Structures are given as C-alpha cells and as structure tokens.
C-alpha cells in the first residue's frame, strides 16, 4: 500500500496472535454528538426477491462520499470542543478488524498536542471493497482481466453503490436528521446517496475520548411504526467455478447456511468491517443483498438473487467478532501514539506477514 523509506523509524510492531488477545471490556454504546444528513426508506418489496424471482441490478447515479477525518468539516469543528481522538467508522473498522486482513493497507495518524487524528490517504484503494481476500487462493489474474483483484474490487464497490440505493424508495421524501449532509451544497441534495451520519463519542479509559463519524444507509418502518436504522451491503458472486465457491443459483434456496459460511471464510475482513460499521452506528439491522453476474464472462450486468437481514450484535456473534477485542486493538494503537511527540505516524499491515507496524515518519511525507 505504501513504500517504506530509509528514514522511517519503527516504533512498535505487533503480530496478529497478540493483537487477537488485546481487550478493553465494558465500553459503553456510542453517544450521539451531532446527527446530519437524510436517508430514504427501505423498499420491502426487495424482501420477496429470491432465486426463482431475481431482480436485475440497476445502475444508480449518485454521489458517494468517502471523506477522511481531517477533511470532515464536522470533525474539524467538534475537535475544537469535544474529545481527543478522531476517526471515521471506515477507518476504525480497518484497524479493529486488522487480524482478518490479508491485503496491505495503511492509516496516517497525526498527533497535535493531546489530540490524534486518524486518516486514510485518498489516492489509494482504501475505499474499495475486496473480493475473496481471505480465500486459500485469492484471485490470481494479472491486471487486464475482468477477474483481477483490482477489477473485482471495482466491480464489488460498484455493485454495493447500486444495491444500497436500489432497494430504497428513491421517489419519496427522505427521513431528515437535524443538520444537513455536511459534504454537499443544497443544490446536490437530490444527487447525494441515501446516507445519514451520527458523529458519536466513546470513553475508552486512560483519558481517551473518541469522536468518530458513523452512518446508516437507510431507515425502515419497524414492527409498529418504530423507525429502524439500517446498514445495507451487498455480497457478490463473480464466477463461482473460478472462485471454487458454492453456486448461488443452485444453493441459495435450500443451502443458505452453506452459502453464508463460504462468504464468512472467503470474505472475512470485508464482512467483519461491515459489521463493525453497523455496530458503531447503532444500526438496528444489517441487510445483505446477494448479487451475481448475469453471465460469468461479463462484469457489467448483475442480478439480485436474495436479501437477508441480521441484528448486528447477533451477526457479530455468528462471525466471532468481539468488540472487546476491537476496542482493545484501537486503544493499544492510541497508547503507542500518545506516547510520541507531535507529528505524523503511520500504521500499516505488512504485505506478506500477519503483523502491523507503527512508524515514525517525516512530517512532510504526507
């Protein structure tokens, strides 16, 4: 993800077995500090989609923001009066789920006085979803191929953008939070994706107060007119034979469990990060779509085969995601950084080894 330079100094490194043993129990639910944006309502007709009643996936033309912490004008303003550590849910999920990661990644941490800002670099593949990252044999094709890791990542990201919006009531008013979406002009309110943000606060002990941007994709009217908030994601199938997977069209109907088990093992980091995003936001449900290519030789046309719903805390149990561990990992990295001088630091995942390394880097590096 990044080229280590000769003047970078290793501060501390930790292997996955030790990271897996970190623990910070007793962390309370996030507390909302500011809520903004606007979401569309879920279209429950997508709950009746199944392999015998597939629905083509539509191309949706909307604005999808992925703004890093220090570029976020709400975080910038909040940081003047609240907290001492700042991040976004996507950045936190990468750190919290690091022991499930295979592919390289990095996060820049800036220390300014008693404050830490966690950022992603914008020019990288940080935002793209990975595909078969944790398979025994991850995708092997070289650049050109429709099945190269990068092209699969672009396809899955595209699918998720489309799916998350398609299953909503696009032609109906939104559920609005108190403040408007902080990333757009009023003129773009009709163009922006369905997304609402909760900027939330956690006490992580040791004088640490985290403020992070969390989000929901949609709202839904619950059992008795109760407003529920949703995280909506798409699992995808590209070529079951080349993936050595279980064929969704053949198995979703009767062997849903086997299909899901295969996803848990072959996309372990992706799925854990989504679950962390839902937990941090306090989403009532995680909704998964199952999207497949219409034809395995064409990555431009897709179909929705099925949708599933989980309570995030129950799904976490199913994938053995333990938030005591997630919070422990984050606090460990925070402690390493708080012991340093003001300046820039970098945490990164070794491309070939199960470990993370925190570097002291020249402050003009990034």
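Numbering follows the first chain given and starts at 1.
As the entry records it, the average C-alpha temperature factor is higher for 186-194, out of 186-194 and 109-117.
Relative to its counterpart among 159-167 and 70-78, 70-78 has the higher mean temperature factor, C-alpha atoms as listed in the PDB entry. Highest C-alpha temperature factor among 302, 311, 52, 331 per the entry: 52. Ranking 125, 263, 239, 137 by Cα temperature factor from the entry places 125 first. Sort the modelled residues of the chain by CA B factor and residue 86 lands in the lowest third. In the deposited entry, the Cα temperature factor of residue 200 sits in the middle third of values across the chain's modelled residues. In the PDB entry, residue 19 places in the lowest third of its chain by CA B-factor. Residue 40: CA B factor in the lowest third of modelled residues in this chain (values from the PDB entry).
When the modelled residues of the chain are ordered by their C-alpha B factor, residue 255 lands in the highest third.
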